[PDB]
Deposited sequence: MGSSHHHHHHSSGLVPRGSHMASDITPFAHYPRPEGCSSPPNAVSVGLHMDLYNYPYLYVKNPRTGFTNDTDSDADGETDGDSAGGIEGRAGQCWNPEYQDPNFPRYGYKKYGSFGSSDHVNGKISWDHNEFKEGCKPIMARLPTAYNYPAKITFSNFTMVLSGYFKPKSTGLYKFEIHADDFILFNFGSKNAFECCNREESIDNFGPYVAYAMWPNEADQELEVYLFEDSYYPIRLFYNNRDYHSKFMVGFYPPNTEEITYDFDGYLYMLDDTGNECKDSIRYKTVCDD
């Protein structure tokens, strides 16, 4: 039985394009008995530990080509400044070597059918999906950390590749929450999907990602 998660409904004027992003500090234990912080492994971390170093940035309308694979860095145990893809509407360089990111909003299928998602993580990616898994319809800011058991849990090195299948409907916006951490050095945040009856994967979310107003009525 393919999973069939709950979605949301909204009048078009209450809909805007793209996801919300918040960026959080994630320090090294030390910079110039390993150097990187193992905190990200604690089970309380994705629920509330991820905020305890404070945040440093946010953006909105995050759309299109949101994945990356940064494997060019030469040095470990050291903060390295680099830019996010332009999909993030976030101009400043970040400590790509060590940071945490949460992306939330809604995935809207273009056709009713079965979707397969594929994620590849360095270091850590969590995938929550559905009004009863990610967050409440039209109440994203209040319920953002009330997510359920993960639909996918990818951690480098040993659990770094994951996939999942969900059956989805044209007329519904599905709450979606993507948690990413880099503890150190190289950074990979790859979230792709296969639409229904489609053999080739895509990493372009353009036309699929939306935000609804936080009215709180289930819309």
Please report every deposited-sequence interval that has no C-alpha in the structure, sorted by position.
1-29, 62-91, 279-290
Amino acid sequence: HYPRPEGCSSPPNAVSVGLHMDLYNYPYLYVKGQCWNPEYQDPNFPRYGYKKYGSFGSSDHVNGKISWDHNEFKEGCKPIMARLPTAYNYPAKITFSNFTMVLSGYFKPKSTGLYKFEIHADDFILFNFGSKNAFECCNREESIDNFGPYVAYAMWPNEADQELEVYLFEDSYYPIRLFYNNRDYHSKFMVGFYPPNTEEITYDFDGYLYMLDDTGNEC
From here on, numbers count along this sequence of modelled residues.
Comparing 85-93 with 69-77, the higher average Cα temperature factor in the PDB entry belongs to 69-77
Compare the mean C-alpha B-factor of 132-140 with that of 98-106 as given in the PDB entry, and name the stretch with the higher value.
132-140
Kindly indicate the residue among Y48, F56, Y28, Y153 with the greatest C-alpha B-factor in the PDB record.
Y48
Is the Cα B-factor recorded for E199 in the lowest, middle or highest third of its chain?
highest
Assert third(CA B-factor, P175) within chain per record equals lowest
Considering every modelled residue of the chain and its Cα B-factor in the PDB entry, is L168 in the lowest, middle or highest third?
middle
Taking the chain's C-alpha temperature factors as the reference, tell me which third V62 falls into: lowest, middle or highest.
lowest
Split the chain's modelled residues into thirds by Cα B-factor; is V15 in the lowest, middle or highest one?
highest
